[PDB]
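Below: the structure, in structure tokens.
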Amino acid sequence: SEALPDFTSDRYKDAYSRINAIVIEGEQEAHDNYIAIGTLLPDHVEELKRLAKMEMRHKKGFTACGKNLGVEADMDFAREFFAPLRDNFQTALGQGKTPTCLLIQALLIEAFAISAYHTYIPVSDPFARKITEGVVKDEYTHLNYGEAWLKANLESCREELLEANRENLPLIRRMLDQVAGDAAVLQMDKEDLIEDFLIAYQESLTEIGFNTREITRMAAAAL
Ligand SMILES: CCCCCCCCCCCCCCCC(=O)O
Ligand SMILES: [Fe+3]
Ligand SMILES: [Fe+3]
């Protein structure tokens, strides 16, 4: 209780202006990514549209969280934060590389979100806590969607996935490093963020059909 941040302080609002922007930007990117995957999987378009609509609801919810605290979201900072990963997604999209697009959005980004949201909930203000608790359940759904498709297609895309992991897992690690200072002002421990991210991602890779040697090797790419 004494560990809860002072949500009204200038220090908190400053850090929140960047963290809030990143979440808003991320939800919008998630929407765009699922719609984009629909161009690669035309028979999945209705399901992907449903996922994308959920992302827009998350975006509006988190936008409201910033407004509730009297915070103005630093959207330029957020756009720059996502740019490297965004670039890799767009490159894969342009090459028709569906498994790479799904690993980036449905596995890496969803796991990062899940981890972040779980870590934020216990230290969040009462308004944002309700919103975030609602969102987390949806992200499980998104993770499961990506897991299911990759699991069904693993034998044809194994090597591409290893490559996508090698290229993109370090970007998530760099993002975690970049967000850590502001996250700490929000009373979130970077070690919790890293642990819960790796656990979520490891569990998804297990579901997809990777063995321990493979997953240890993949986790090691973050170095
Ligand atoms: C609401 C504040 C939570 C704490 C935020 C800590 C920084 C992590 C930001 C990652 C958000 C990624 C958004 C992806 C959303 C999705 O894929 O549905
Ligand atoms: Fe979302
Ligand atoms: Fe999502």
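Read the numbers this way: they start at 1 and go in the same order the structure lists the ligands and their atoms. Computed over heavy atoms, backbone and side chain alike; hydrogens, waters and symmetry mates excluded. Throughout, residue positions are numbered sequentially from 1 according to the sequence presented.
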Exercise. Of all the atoms in ligand 1, which lie at a distance below 4.0 Å from a heavy atom belonging to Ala30?
Worked result: 16 (C), 17 (O), 18 (O)
For this session: Could you tell me whether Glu25 and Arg79 make a salt bridge, using a distance below 4.0 angstrom between a side-chain N and a carboxylate O?
Result: no
Exercise. Salt bridge check: are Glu46 and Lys49 linked by an N-O gap of less than 4.0 Å?
Worked result: yes
For this session: Give the residue, atom name and distance (to 0.1 Å) of the protein heavy atom nearest atom 14 (C) of ligand 1.
Result: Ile109 CG2, 3.6 Å
Exercise. Does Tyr117, backbone or side chain, put an N or O under 3.5 Å from an N or O of ligand 1?
Worked result: no
Exercise. For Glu27 and ligand 1, does the shortest N/O to N/O distance drop below 3.5 Å?
Worked result: yes
Problem set entry | Residue portion contacting ligand 1 (non-hydrogen atoms closer than 4.0 Å) for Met175 | neither
Problem set entry | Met54 near ligand 1 by a heavy-atom separation under 4.0 Å | no
For this session: Could you tell me whether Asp182 and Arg18 make a salt bridge, using a distance below 4.0 angstrom between a side-chain N and a carboxylate O?
Result: yes
Exercise. Is the Fe ion (ligand 3) under 2.8 Å from any N, O or S atom of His58?
Worked result: no
Problem set entry | More than 12 heavy atoms of other groups within 6.0 Å of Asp10 CG | no
Problem set entry | Shortest reach to atom 4 (C) of ligand 1 by a heavy atom, considering only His31, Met188, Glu139 | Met188
For this session: Using a strict 4.0 Å cut-off to heavy atoms of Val179, name the atoms of ligand 1 that fall inside it.
Result: 7 (C)
Problem set entry | NZ/NE/NH1/NH2 to OD/OE distance under 4.0 Å, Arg158 and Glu214 | yes
For this session: Taking only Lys NZ, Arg NE, NH1 and NH2, and the carboxylate oxygens of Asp or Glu, determine whether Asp177 and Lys190 approach each other closer than 4.0 Å.
Result: yes
For this session: With heavy atoms only and a cut-off of under 4.0 Å, state how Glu55 meets ligand 1: side chain, backbone, both or neither.
Result: side chain
Exercise. Starting from atom 9 (C) of ligand 1, which protein heavy atom do you reach first, and at what distance in Å?
Worked result: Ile22 CG2, 3.7 Å
Exercise. Which angle, to the nearest 10 degrees, do you find at the Fe ion (ligand 3) between OE2 in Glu110 and OE2 in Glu55?
Worked result: 100°
For this session: Please determine if the Fe ion (ligand 3) has an N/O/S atom from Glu27 lying under 2.8 Å away.
Result: no
Problem set entry | the Fe ion (ligand 3) - name of the N/O/S atom of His142 that sits closest to it | ND1
For this session: Before signing off on this row, confirm whether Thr132 and ligand 1 have an N or O atom pair separated by under 3.5 Å.
Result: no
For this session: Taking the Fe ion (ligand 2) as the reference point, name the nearest N/O/S atom of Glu139.
Result: OE2
Exercise. Without hydrogens or angle criteria, can the side chains of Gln105 and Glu110 be said to hold a donor-acceptor pair below 3.5 Å?
Worked result: yes
